[PDB]
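These notes concern the structure reproduced below.
Read-outs: derived from the displayed coordinates by stated rules, not from any lab. In this analysis, Cβ positions are derived from the backbone assuming ideal geometry, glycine residues included, and neighbour counts consider all displayed protein chains.
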Amino acid sequence: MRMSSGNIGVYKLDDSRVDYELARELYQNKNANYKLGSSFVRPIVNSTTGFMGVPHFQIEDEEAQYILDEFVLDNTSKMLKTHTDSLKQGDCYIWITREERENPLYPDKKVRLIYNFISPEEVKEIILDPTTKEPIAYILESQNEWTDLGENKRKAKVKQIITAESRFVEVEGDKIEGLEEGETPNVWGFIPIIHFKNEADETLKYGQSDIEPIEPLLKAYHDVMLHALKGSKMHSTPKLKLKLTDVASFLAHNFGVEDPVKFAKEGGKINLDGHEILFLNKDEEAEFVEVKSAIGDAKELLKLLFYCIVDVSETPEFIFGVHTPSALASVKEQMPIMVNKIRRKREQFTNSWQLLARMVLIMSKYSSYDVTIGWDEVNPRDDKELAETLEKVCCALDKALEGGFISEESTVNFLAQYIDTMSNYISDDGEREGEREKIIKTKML
Amino acid sequence: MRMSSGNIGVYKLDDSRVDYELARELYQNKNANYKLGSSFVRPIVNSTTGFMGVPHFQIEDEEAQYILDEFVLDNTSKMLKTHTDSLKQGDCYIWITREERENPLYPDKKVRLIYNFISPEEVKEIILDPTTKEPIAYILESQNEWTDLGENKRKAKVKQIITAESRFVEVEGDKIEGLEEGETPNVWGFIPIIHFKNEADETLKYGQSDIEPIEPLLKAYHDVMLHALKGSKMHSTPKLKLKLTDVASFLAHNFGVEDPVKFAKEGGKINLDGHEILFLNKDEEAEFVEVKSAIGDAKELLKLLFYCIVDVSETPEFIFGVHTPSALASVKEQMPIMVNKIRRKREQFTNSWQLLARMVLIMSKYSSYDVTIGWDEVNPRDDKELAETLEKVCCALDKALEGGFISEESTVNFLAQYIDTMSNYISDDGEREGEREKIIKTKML
Amino acid sequence: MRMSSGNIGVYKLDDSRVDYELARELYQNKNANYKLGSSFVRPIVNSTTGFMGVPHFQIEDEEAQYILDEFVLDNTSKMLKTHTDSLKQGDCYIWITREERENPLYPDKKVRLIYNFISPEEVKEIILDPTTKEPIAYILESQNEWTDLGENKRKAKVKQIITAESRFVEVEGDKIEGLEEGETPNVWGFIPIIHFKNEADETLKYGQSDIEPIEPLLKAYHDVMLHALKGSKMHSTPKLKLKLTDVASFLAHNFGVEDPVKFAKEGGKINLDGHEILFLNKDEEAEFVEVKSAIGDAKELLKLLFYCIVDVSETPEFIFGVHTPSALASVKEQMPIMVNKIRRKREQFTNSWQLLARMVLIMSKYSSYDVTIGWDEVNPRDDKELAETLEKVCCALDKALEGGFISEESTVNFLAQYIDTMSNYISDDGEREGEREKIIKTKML
């Protein structure tokens, strides 16, 4: 809607966050006022998270690539959990920590880069640079109640500031052995905590959960559903009606209810087996009092709400073919829409994953740190078709030889692309299988 | 829903558990309050735990690979049971114990690693590291009520704390031969139990069963079905009706019910055959009183609940093709949804399986301890198609020879992948066929 | 449903077993309260038992394989019997016994390893080690009533404790010549009985029958069907109604019934041929008292119960294509669901079959006892496609010869796989055919 240039307010960054507890309730379908309506929260998030894979950290430096694929082999599942937590909660905070601790469970692995999650509830506030907008400190706070290795109960309200040059930690309550109170220097001059920001906006400080647009529609669907269920349970079964000369004598003779009022107060419910008959006088009349459809128009409204919910999330409708089975005829036909959605979504996080890869390389001299990220195939590229292209290019090449020696570069690049596509296993997430095959090939020689 | 950042409480990890007895009863359809509604539990869990097989522990070391595939041959069934347990209860526990006990039933396998299970009801609490959330002690408790080899009954309550440094065990009851009471040191400095976590959440302590979101929907389905069935049995059959001039004379003459109040109070019932004719006087009338629909509008609500339940589980629709026969038109068309779900689901446990592989290698020098995990084929590629890819690569290769000798690495890698895919038998669990053929080939030479 | 950590009881292993006699009644459809409902018990069990074949005992030692295929050729039928008995009853106990007895029916076979069944009713109780949970002693008890080779009737209450070191047998009543009373030493240090445990659980002592989840649904279906049949027989036929000026004179003139009351007491049923005509006066009126549908809504509820029962058993719909004929359009499309189900089920028993194979090897020096088990093809692997892969790999091989001599190993392994698949006859159960062909080839030379 139009507005005049002189009737606008001043910009103000949005410090508001998602109701993380409510979001996790709706993902688990636990909130009482959304249980029926929150059925669609799980499929959208699960499908979106599954269809986008994990970042393929590609770097031209050999050692940097080795370190990156080591981290991937360590923490691919945690990367997937980062994706789903960022989508579900909007903000998922990842901490990478360097630990040199010795334990027998890691005989060869002396030093570990620990992929440590931080729940969004832990981050009470983030210090932002007014000018460059790079975060300057993280005010982590959490209640850490825990049990002793014997029997004692131990409570502690721990909070800690994480700054680039150092981190300041203090605890109120019982001793925590692993944490050293006071300030400790940071081994590097940057904060190792990467904040993934789902659905980030230039006018917002935090990330956004994908549930938030559809939540009022979940409320409407839940309210309509519970109203329909209540009305059905009230009036679906027909209410047999008897017009009797004498109700009291009737009840007394049939079922021995001498005190009908007391029977009503006592919740007295009469036993009917099903094969009954009505022996009535001339003027006595018995009829069923029945409704055509106790639901009313609720089915059409629920259908409309389902369509609106699908539209808001713009998910391809083979996810929700239970409502529309005909969409399942060609899911491959629907796959390009999923490709569009996943392409749009991967750009939200690929920058943060570049930052995380850069920090991982820094936390373990390389010729470069500018990682470029590939992604898993939404719909797999056919290896037979790719090999057909390879053979067709090869036979096309080596003919009309005036083209030059760039044919060799094109052929080796295409061979590398085919090798990457085929070695990666379509049913297996990520590119851990490629690194595994490379390691096995190197060892076997 | 949005909220101002400064109006949220303190983070606290949730120690709550899943109702395990209720979960397994619903899985067995035993709960009276959920007998009708629990019909959807089994197909969800079974399809999920089946369409993923078992992890394929890959390691470049020959000795480690031999240990791992021997372990797989031993406990593939128990690993599938672990998958089922994790999907059902939400939290599963595995306890590998190295036993050198000699019995004639294993003349050759003197030393055995006993893949033993711990119920989620066995464990009373887990002691976690406050700084890393790593388990530092397991709190087990259980009653061993058993029968003596004679005719005596033995009631034994045993509690045992397992720690990385030692294992403590005490029994309050009759003696048990196998257990040495008190603290016994652990031969290795790590806890020999692995805590599997289904649907892992950062803020939770125990994994979440996938039944939990659908439980309100199962309750609603049971309520609707029970109400509909009761209403039908009450009213679905018609109720004949006789408007007579004098009921009591009619009863006395025809059916011999001389005292009708006694007959009704006594619960007596007249017999009929159906082939009856009504001879009535003029004033009296006799008509049927019948219901347009005893169920009312229950079928649409049941369909809606079924749709919501399938959406919550995000299960493929061919799993419930009875409700939607159109879904059975092309199961392979819906298979990519299953592949996506399995891709998302395998990562929930692959980290714990890596930990198990690392430990069992430790429990029984090796050049590596970082096991990279493969998996069974969700939608296995045609061996004819794979051979087409191999032949097409081979013909494309060995032409335009400027590429180099990397063609050898590419083709041997592709041949290894082809051997893995072809030897891996699709219709049998795991890769016991590959190891079996390898061992038989080695013996045959 | 969720619950707090400190509000759980102490774990107890469940000693409950299946109501075995009730289960065999429902499989035979003999239980009065389940005859109509238990129609679905038979197809589920039969389909599951058929679609999974018999274990393919594979071992790399030649003599061990020879003994295993001898046992297979002897007892494939009894192994299928073991499968179906475990499926129906939940717990089927197998006894392997060694008998040297001479009889002319076995001229060349002096010593026989008898495949002897034990019904679950015979096993009163099983002694368990509290630590390793291995069965330590079987308390078999059974009444053996039998007849003489002449005319005498014989009765004997026999029970026998079977332990690893020895088995102790006693009889109460008439003599049993074949059984030597008192203790007799065991030839080996393990019990000669194997327990197959369907649907075993770590919280359950015994197995469970797959009828048990559907049993309440069987009750509901039976009750609804019986109520529907009763209502139909009561009211489906129309009840001709006559409003008569003088009913007594009417009856007397039509059918000579001088005393209508006595006719009613005598069960007097009038004879109507069908081609009747009513000559009524002006006042008199005759009408039919007919119902739109005496059933009401029972068909919809029965359909819902059928869907729920199918879902609980998660059987592919071509087993029940009679209710949904459209599922039979492509059973091959439904075959992967059966593959998934059979893969899941085979893991329940393959461990016990490995135990039985090892034990058969022990009771008849070998280089190994760790038998690996294959299984029959759910849907057959096409021999034409397999040969296409063989030819395609062979032509792909022997080109770009830098790959090495591993091509020979790959080719011989693929040839062995093809030979095993083709020699085994699809329409005939088991792998007796491969052993028979091998024996015939060896003899013919």
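Taken over the range A:182-196, the residue count meeting the criterion of being out of contact with any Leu (no Cβ under 7 Å at 6 or more places or on another chain), β-branched (V, I, T) and surrounded by 14 or more Cβ atoms within 10 Å (Cβ to Cβ) is 2. Can you confirm whether C:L113 is farther than 15 Å from B:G178 by Cβ and exposed (fewer than 14 other Cβ atoms within 10 Å of the Cβ)? In short, no.
Report whether or not A:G296 is on the phi > 0 side of the Ramachandran plot and of a type in the set (G, A, S). Yes; evaluated as a whole, the condition is true for this residue.
Quick one: which residue in A:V261, A:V257, A:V171 is among the hydrophobic types (A, V, I, L, M, F, W, C) and surrounded by fewer than 13 Cβ atoms within 10 Å (Cβ to Cβ)? Outline the logic, then answer.
Numbers: A:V257 fails: surrounded by fewer than 13 Cβ atoms within 10 Å (Cβ to Cβ); A:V171 fails: surrounded by fewer than 13 Cβ atoms within 10 Å (Cβ to Cβ).
Going through A:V261, A:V257, A:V171 in turn, just one is among the hydrophobic types (A, V, I, L, M, F, W, C) and surrounded by fewer than 13 Cβ atoms within 10 Å (Cβ to Cβ): A:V261.
Just for the range B:94-122: of the residues that are of a type outside the set (D, E) and within 24 Å of B:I214 (Cα to Cα), which one is nearest to the other protein chains (Cβ to nearest Cβ)? Ranking the candidates gives B:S119 first. Take the range B:9-35 and flag every residue that is more than 7 Å from every other protein chain (Cβ to nearest Cβ) and either over 16 Å from B:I214 (Cβ atoms) or outside any helix (DSSP H, G or I) (or both). Result: B:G9, B:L13, B:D14, B:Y20, B:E21, B:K30, B:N31, B:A32. The requirement of being of a type in the set (V, I, T), surrounded by 16 or more Cβ atoms within 10 Å (Cβ to Cβ) and in contact with a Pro (Cβ under 7 Å, 6 or more places away or on another chain) is fulfilled somewhere in the range A:420-429, by at least one residue. Answer yes or no as to whether B:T49 is among the hydroxyl-bearing types (S, T, Y), facing another protein chain (nearest Cβ under 8 Å) and in contact with a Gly (Cβ under 6 Å, 6 or more places away or on another chain). Considered against the rule, which asks whether it is among the hydroxyl-bearing types (S, T, Y), facing another protein chain (nearest Cβ under 8 Å) and in contact with a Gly (Cβ under 6 Å, 6 or more places away or on another chain), B:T49 comes out as no. Restricting the range A:389-407 to residues that are in a helix (DSSP H, G or I) and surrounded by fewer than 10 Cβ atoms within 10 Å (Cβ to Cβ) leaves a set whose member that is nearest to the chain's Cα centre (by Cα) is A:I406. Mind listing whichever residues of the range A:221-252 are touching a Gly at 6+ places or on another chain (Cβ under 8 Å) and of a type in the set (D, E)? Listed by number, the list holds a single entry, A:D223.
Search the range C:237-252 for residues being within 7 Å of chain B (Cβ to nearest Cβ) and either under 41 Å from the mean Cα position of the chain (by Cα) or closer than 30 Å to B:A228 by Cβ (or both), and hand back the single one that is surrounded by the fewest Cβ atoms within 10 Å (Cβ to Cβ).
Quick first cut of the range C:237-252, residues within 7 Å of chain B (Cβ to nearest Cβ) only: C:237, C:239-245, C:247, C:250-251.
Now restrict to residues that are either under 41 Å from the mean Cα position of the chain (by Cα) or closer than 30 Å to B:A228 by Cβ (or both): C:237, C:239.
On the way: C:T237: 14, C:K239: 19.
Among those residues, the one meeting the criterion is C:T237.
Looking across the range C:335-370, the residues that are among the aliphatic types (A, V, I, L, M) and within 26 Å of C:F117 (Cα to Cα) come down to C:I342, C:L355, C:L356, C:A357, C:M359, C:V360, C:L361, C:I362, C:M363.
Any idea which residue in the range A:316-338 is surrounded by the most Cβ atoms within 10 Å (Cβ to Cβ), counting only those that are assigned to a loop (DSSP other than H, G, I, E, B) and more than 8 Å from chain B (Cβ to nearest Cβ)?
Of all residues in the range A:316-338, those assigned to a loop (DSSP other than H, G, I, E, B) come to A:316-324.
Next, from what is left, pick out any that are more than 8 Å from chain B (Cβ to nearest Cβ): A:316-317, A:324.
Working: A:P316: 21, A:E317: 17, A:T324: 14.
The extreme case among them is A:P316.
Listed here are the residues, each with its yes/no results for (1) outside any helix (DSSP H, G or I); (2) over 29 Å from B:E435 (Cα atoms); (3) touching a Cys at 6+ places or on another chain (Cβ under 9 Å).
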site	(1), (2), (3)
C:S38	no, yes, no
C:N46	no, yes, no
C:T49	no, no, no
C:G53	yes, no, no
C:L68	no, no, no
C:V72	no, no, no
C:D85	no, yes, yes
C:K88	no, yes, no
C:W95	yes, yes, no
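Just to be sure, is A:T324 more than 21 Å from the chain's Cα centre (by Cα) and farther than 30 Å from A:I194 by Cα? Working first, answer last.
Numbers: more than 21 Å from the chain's Cα centre (by Cα): yes; farther than 30 Å from A:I194 by Cα: yes.
Yes, satisfied.
Would you pick out the residues in the range B:253-282 that are in a loop (DSSP other than H, G, I, E, B), of a type in the set (V, I, T) and either at the interface with another protein chain (Cβ under 7 Å from one of its Cβ atoms) or touching a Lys or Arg at 6+ places or on another chain (Cβ under 6 Å) (or both)? Within the range B:253-282, just B:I277 meets the criteria. Taken over the range A:303-315, residues that are part of a loop (DSSP other than H, G, I, E, B) and within 20 Å of A:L36 (Cβ to Cβ) amount to 1. When the range C:339-369 is filtered for residues that are at the interface with another protein chain (Cβ under 9 Å from one of its Cβ atoms), assigned to a helix (DSSP H, G or I) and more than 22 Å from the chain's Cα centre (by Cα), the ones remaining, listed by number, are C:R358, C:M359, C:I362. The residues in the range C:97-118 that are part of a loop (DSSP other than H, G, I, E, B) and either in contact with a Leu (Cβ under 9 Å, 6 or more places away or on another chain) or of a type outside the set (S, T, N, Q) (or both) can be counted, and the count is 11.
Looking across the range C:399-424, the residues that are at the interface with chain B (Cβ under 10 Å from one of its Cβ atoms) and farther than 24 Å from C:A64 by Cβ come down to C:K399, C:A400, C:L401, C:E402, C:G403, C:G404, C:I406, C:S407, C:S410, C:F414. The residues in the range A:1-30 that are touching a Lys or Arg at 6+ places or on another chain (Cβ under 8 Å) and among the β-branched types (V, I, T) can be counted, and the count is 1.
Could you go through the range B:425-442 and let me know if any residue there is assigned to a loop (DSSP other than H, G, I, E, B) and at the interface with chain A (Cβ under 8 Å from one of its Cβ atoms). Don't jump to the end; show me each part of the working.
If we filter the range B:425-442 for residues that are assigned to a loop (DSSP other than H, G, I, E, B), which is where we start, we get B:425-431.
Of the ones still in play, those that are also at the interface with chain A (Cβ under 8 Å from one of its Cβ atoms) are none.
No, because not a single residue in the range B:425-442 is assigned to a loop (DSSP other than H, G, I, E, B) and at the interface with chain A (Cβ under 8 Å from one of its Cβ atoms).
Please identify the pairs in which a residue from the range A:128-146 that is under 17 Å from A:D14 (Cα atoms) has its Cβ atom under 7 Å from the Cβ atom of a residue that is in a loop (DSSP other than H, G, I, E, B) and not hydroxyl-bearing (S, T, Y), counting only partners at least 6 apart or on another chain. Filtered contacts from the range A:128-146: A:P135/A:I191. For the range A:185-235, a residue qualifies if it is part of a loop (DSSP other than H, G, I, E, B), away from every other protein chain (no Cβ under 11 Å) and farther than 25 Å from A:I362 by Cβ, and the qualifying residues are A:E199, A:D201, A:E202, A:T203, A:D210. Among the criteria (1) farther than 30 Å from B:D223 by Cβ; (2) in a loop (DSSP other than H, G, I, E, B), the one B:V291 does not fulfil is (1).
Could you tell me how many of the residues in the range C:119-132 are in a loop (DSSP other than H, G, I, E, B) and either under 13 Å from C:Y206 (Cβ atoms) or within 27 Å of the chain's Cα centre (by Cα) (or both)? Let's see the steps before the verdict.
At the first step, the residues of the range C:119-132 found to be in a loop (DSSP other than H, G, I, E, B) are C:119-122, C:129-132.
Now restrict to residues that are either under 13 Å from C:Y206 (Cβ atoms) or within 27 Å of the chain's Cα centre (by Cα) (or both): C:119-122.
Matching residues across the range C:119-132 total 4.
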